[PDB]
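Take a look at the structure below.
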Amino acid sequence: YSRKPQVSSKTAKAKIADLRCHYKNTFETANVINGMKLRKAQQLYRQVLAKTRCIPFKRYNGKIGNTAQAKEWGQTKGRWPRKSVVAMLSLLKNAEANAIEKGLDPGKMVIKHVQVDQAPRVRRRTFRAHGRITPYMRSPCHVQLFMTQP
Amino acid sequence: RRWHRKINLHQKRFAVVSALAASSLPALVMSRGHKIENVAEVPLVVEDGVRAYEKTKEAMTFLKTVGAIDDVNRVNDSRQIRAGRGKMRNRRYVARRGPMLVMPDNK
RNA sequence: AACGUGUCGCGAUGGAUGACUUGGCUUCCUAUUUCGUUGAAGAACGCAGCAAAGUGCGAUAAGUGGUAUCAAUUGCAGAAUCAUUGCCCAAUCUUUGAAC
RNA sequence: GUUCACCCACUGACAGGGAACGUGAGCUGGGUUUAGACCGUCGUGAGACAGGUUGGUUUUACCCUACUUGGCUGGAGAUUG
RNA sequence: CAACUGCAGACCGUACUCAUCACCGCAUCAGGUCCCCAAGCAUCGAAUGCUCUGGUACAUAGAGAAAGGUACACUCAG
RNA sequence: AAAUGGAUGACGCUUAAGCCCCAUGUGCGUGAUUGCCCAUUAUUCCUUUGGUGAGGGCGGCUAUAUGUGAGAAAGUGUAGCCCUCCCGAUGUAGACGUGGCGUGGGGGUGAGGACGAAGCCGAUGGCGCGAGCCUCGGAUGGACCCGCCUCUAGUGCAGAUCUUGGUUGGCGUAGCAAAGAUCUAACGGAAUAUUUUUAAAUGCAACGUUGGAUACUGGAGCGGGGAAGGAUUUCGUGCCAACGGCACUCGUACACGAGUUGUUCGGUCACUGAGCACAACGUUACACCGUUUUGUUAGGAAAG
RNA sequence: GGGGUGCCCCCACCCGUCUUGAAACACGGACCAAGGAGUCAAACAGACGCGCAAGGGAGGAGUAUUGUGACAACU
RNA sequence: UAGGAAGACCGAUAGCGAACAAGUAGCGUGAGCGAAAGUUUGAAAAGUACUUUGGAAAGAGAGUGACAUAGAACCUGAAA
Ligand SMILES: [Mg+2]
Ligand SMILES: [Mg+2]
Ligand SMILES: [Mg+2]
Ligand SMILES: [Mg+2]
Ligand SMILES: [Mg+2]
Ligand SMILES: [Mg+2]
Ligand SMILES: [Mg+2]
Ligand SMILES: [Mg+2]
Ligand SMILES: [Mg+2]
Ligand SMILES: [Mg+2]
Ligand SMILES: [Mg+2]
Ligand SMILES: [Mg+2]
Ligand SMILES: [Mg+2]
Ligand SMILES: [Mg+2]
Ligand SMILES: [Mg+2]
Ligand SMILES: [Mg+2]
Ligand SMILES: [Mg+2]
Ligand SMILES: [Mg+2]
Ligand SMILES: [Mg+2]
Ligand SMILES: [Mg+2]
Ligand SMILES: [Mg+2]
Ligand SMILES: [Mg+2]
Ligand code: NA
Ligand code: NA
Ligand code: NA
Ligand code: NA
């Protein structure tokens, strides 16, 4: 873990390596819940699946569409990444289970230190005109987080 | 490639003669690195009974008597493993050079 | 405001550098020194209790026999001078190939 | 194929020029200017001719700027005193 | 010599495919690749259209009237 | 009189800030001989470096313990033996010099290391004109290595449309648009009906089988059998890491086991064809050459 | 005193190359690590170092030797 | 074919193409062409029993070891 918790006896940690989701999509999905409460972060992910709210795309927004639901975050671009939300819901469930083992109350935890990194790539190939072959690569990611009880 | 060299015969004999004279001056002997503080009468000449020794213990007593053991001890303490790739090429240890003993033949 | 920029601590990605070396390259010397119709060199197919490749071997098939030494082989079994190990006299030596 | 020119009509009038002889990732491909082929003249010949004739692939923008619309949001020491 | 009877009939191939996924094109590539069997109605018919048997729903999908496109898609007064 | 809007450099200037001439501090027909601003120039001061450089000292007796003090080398070149003085200093191609810097190895000499070697990192400073050297810290590493004199060489990189690896904006972008197409209920599956901070506005989307519906191929067929080519892709059970450019609970994927039965079917046994070329003969320095079906090998004694 | 970051006034065309002339609407130039180019031999000449000198020097061979021995010494 | 002796040589993009199941995998109708790759964890596998969440992969604890930021293509671990 890049960072250290202030109080180690009231913190629950969780991480996953080589997750098979797009790194750029998971970067935005995980970043929005930093500083949130555990219950508030789970609620937002459920509403994104229902397509009532959206995930704001702040760094890898490229040329993506505009939407009205991005005004809540103070911008105009956003999306609803299905695969990344489901994977992040599983990670939060594991971190909640770790807190129960230690005896903490999951209803009071606050998320700190979300971090997403690039993982080793996986290689495929595609066929182009005039007998050419070009790379068709996959970009997984690592994710790590912890949460503390105030 | 030209690996070997030729040297004039007279020049080779000149070099040997000069080196022999340099070994007769205690100032030049100390400056090269030899410990000769306990020696007497450089150049050192000893009797011919040395050739009849049969045991290494007898030889070591003779070296201590004439004071040449300090130079032998200097070589012993300087033994160490050579630095660099040379230790992979059949030259693993390095040591210094001690006294000479000149004999009338190989007996 | 966000995006973007810069410095520092920590973490990824990647496999450089150092230290290692049962490999290569170069030079020199010594022999009771030089294959085959008494079927060579090469090529194919097989053989282990569990055995794909490689190694050894040929239906006596990871070996039979002689000799010196003696307690091992080992991943798991399994057997308990006779094995293993080194060397070598006696043998076996599938289908081909100069192939007749 | 033309630029040019020349005729037929209308009109108030049917002026002259420049912009990489404006403008081919805007088009078209008639001309010019490969390889096929015919004629005339020239050359012993292979071949030649700014002489005539017929047939002959027109590739790529998702980047920066310019332009056209379309939105979000700071800023008076033009972010600070 | 014609009948009957008794015994014996050696070797190799044999699965699957033959193509809008099993072969050749760097690939499960709208390209290429020999032979046999071939129903009903309309109709001159192995043209073209539809159907019983056999075989298939496999080729990224959802929402959905901007401009500009491609089309084995059309219509327009004088 | 010309082709984008636009140039005494711009603004502007007319008792000029225009044109031709004349002057100068405090005080312009009473101070005669500098109104003021800007250089890699000139004068002057300090420091460096090189000289066709110029001088001087270098025979150490003045006296001195601690609780006015250090040096002095007869020298090209160094941390220059020391002290005065004078004159030059830029430079492409090019030449030369340097007790000039750095790298791998040999001969010598002197050290260092598990109380931590090499390597690696740096808002670690110090020294040098510079190439560089050295200390410091590592919440780095875990076994070798360096100073000096000499010898030796596969000895110093920013570019060669340089070589080999790795990384990269473009970029979650261009796209994944021929062959018309699927819908419904139940079951299966971890893939749901997942909320503690009434029911909809907080677990979406997607997969296989069976029944039902709808539809396509339309006998020159996404039908049923073979050759060439392929060679276990065939079958059952299990399995979902990677692969089938979306998906998979499906699979020609992965794993473990199974399957091909002939007196008559195809081939050989057992025919000739377009043709081939062993023997024999001839040629060639050399068979690895030529002849060898128009009834037919061979100067040719080929019948067992 | 040194080091880091920001700001102010002033100064300041993109590197390598061919060319009389490059900031060029002249060519090569996305980034990093490790590689990457005057060497060896033989004949001659000049400068400088060393030995001997009207003389200088061999080579090939030979003589004596697990010893720093493919060296060194001697003819 | 059997032995020996060495080196002012190279040191994993070097040295033979090959320090490794190398004339191998792979390519071509064929003659032919032809790699990459140090298993260098640790002195010793002592190679993480067991609890808990998860379908699994894995995560959170516990444990071995001087060191696990030595956890299995596992010494060191640079730059972009
Ligand atoms: Mg393609
Ligand atoms: Mg192709
Ligand atoms: Mg244009
Ligand atoms: Mg004529
Ligand atoms: Mg068929
Ligand atoms: Mg096809
Ligand atoms: Mg009729
Ligand atoms: Mg019909
Ligand atoms: Mg038809
Ligand atoms: Mg009309
Ligand atoms: Mg100069
Ligand atoms: Mg070297
Ligand atoms: Mg480099
Ligand atoms: Mg798109
Ligand atoms: Mg139909
Ligand atoms: Mg058919
Ligand atoms: Mg897929
Ligand atoms: Mg020119
Ligand atoms: Mg230039
Ligand atoms: Mg220009
Ligand atoms: Mg190699
Ligand atoms: Mg190689
Ligand atoms: Na070293
Ligand atoms: Na002016
Ligand atoms: Na014939
Ligand atoms: Na050029």
Side-chain angles (χ1 to χ4, degrees), chain A residues 1-5 8 13 15-18 23 113 115 117-125 133-135 137-142 144, chain B:
Chain A
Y1 294 86
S2 319
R3 264 145 51 76
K4 261 200 24 165
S8 92
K13 330 214 280 213
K15 78 198 217 198
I16 174 82
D18 286 286
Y23 155 73
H113 177 61
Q115 186 181 303
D117 311 83
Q118 315 197 40
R121 303 211 173 96
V122 198
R123 172 176 272 288
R124 287 195 283 175
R125 85 208 152 139
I133 304 190
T134 48
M137 320 270 321
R138 183 170 257 124
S139 313
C141 51
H142 309 310
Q144 57 173 241
Chain B
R1 178 203 306 249
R2 214 159 62 97
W3 302 99
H4 308 84
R5 296 293 189 271
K6 331 175 37 193
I7 317 158
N8 287 358
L9 178 66
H10 186 260
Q11 275 185 303
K12 289 192 303 208
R13 305 188 168 153
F14 203 168
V16 159
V17 147
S18 276
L20 255 193
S23 97
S24 183
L25 306 170
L28 301 192
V29 175
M30 303 191 5
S31 164
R32 215 202 65 101
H34 293 279
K35 312 205 99 221
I36 54 141
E37 289 88 36
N38 284 308
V39 193
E41 253 271 16
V42 161
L44 187 61
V45 183
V46 306
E47 72 192 327
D48 278 296
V50 152
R51 328 232 309 286
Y53 288 167
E54 270 133 6
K55 306 283 300 178
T56 310
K57 169 166 307 173
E58 254 179 318
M60 294 299 289
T61 301
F62 152 77
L63 289 180
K64 169 186 58 204
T65 299
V66 297
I69 208 61
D70 311 5
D71 226 330
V72 184
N73 286 337
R74 159 183 97 97
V75 177
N76 257 274
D77 300 8
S78 61
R79 190 181 148 96
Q80 75 193 2
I81 287 177
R82 157 188 316 245
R85 183 83 70 228
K87 70 168 91 70
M88 267 171 227
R89 315 214 173 142
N90 301 329
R91 26 189 207 267
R92 189 155 189 96
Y93 292 88
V94 285
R96 284 164 202 177
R97 295 291 181 189
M100 271 225 189
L101 187 47
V102 187
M103 291 260 196
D105 41 40
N106 316 103
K107 242 64 156 63

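Below, each value reflects all heavy atoms present in this structure, side chains not excepted, and no hydrogens, waters or symmetry copies. In what follows, chains are A, B, ... by sequence order, proteins preceding strands, each numbered from 1.
- For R2(B), the side-chain contact (heavy atoms from CB on, under 4.5 Å) partners two or more places apart in sequence, or in a different chain, are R5(B).
- For the pair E58(B) (side chain) and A52(B) (backbone), a donor-acceptor distance under 3.5 Å is absent.
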Q: Please assess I16(A) against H142(A) for the test side chain to side chain contact (heavy atoms under 4.5 Å, CB included), listing each intermediate value before the final yes or no.
A: CA-CA 6 Å; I16(A) 174 82; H142(A) 309 310; over 6 Å; no
Would you be so kind as to tabulate the donor-acceptor pairs closer than 3.5 Å made by side chains of residues 61-72 of chain B, with sequence neighbours excluded?
| residue | atom | partner | partner atom | Å |
| --- | --- | --- | --- | --- |
| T61(B) | OG1 | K57(B) | O | 3.2 |
| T65(B) | OG1 | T61(B) | O | 2.9 |
| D70(B) | OD2 | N38(B) | ND2 | 2.9 |
| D71(B) | OD1 | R74(B) | NE | 3.0 |
| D71(B) | OD2 | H34(B) | ND1 | 2.8 |

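- Put simply, the side chain of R124(A) reaches to within 4.5 Å of the side chain of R138(A), judged on heavy atoms.
- Residues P135(A) and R123(A) are in side-chain contact: their nearest non-hydrogen atoms beyond the backbone lie under 4.5 Å apart.
- Checked against side-chain hydrogen bond (donor to acceptor under 3.5 Å, both in side chains), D117(A) has the following partners two or more places apart in sequence or in another chain: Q115(A).
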Which atom pairs, one a donor and one an acceptor, fall under 3.5 Å between side chains of residues 9-24 of chain B and the rest of the protein, sequence neighbours left out?
| residue | atom | partner | partner atom | Å |
| --- | --- | --- | --- | --- |
| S23(B) | OG | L20(B) | O | 3.1 |

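- Checked against ring-ring contact (aromatic ring centres under 6.0 Å, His included), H113(A) has the following partners two or more places apart in sequence or in another chain: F146(A).
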List the atom pairs, donor and acceptor, that lie under 3.5 Å between side-chain atoms in residues 89-107 of chain B and the rest of the protein, sequence neighbours left out.
| residue | atom | partner | partner atom | Å |
| --- | --- | --- | --- | --- |
| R92(B) | NH1 | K87(B) | O | 3.4 |

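- Considering only residues two or more places apart in sequence or on other chains, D48(B) meets the salt bridge (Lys or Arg N to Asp or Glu O under 4.0 Å) condition with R51(B).
- Remark: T134(A) engages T126(A), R128(A), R132(A) in a side-chain contact (heavy atoms from CB on, under 4.5 Å) (not counting sequence neighbours).
- Atoms CD and OH, on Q118(A) and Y23(A) in that order, are 4.5 Å from each other to the nearest 0.5 Å.
- No more than 12 heavy atoms of other residues, nucleotides or ligands sit less than 6.0 Å from atom CD of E54(B).
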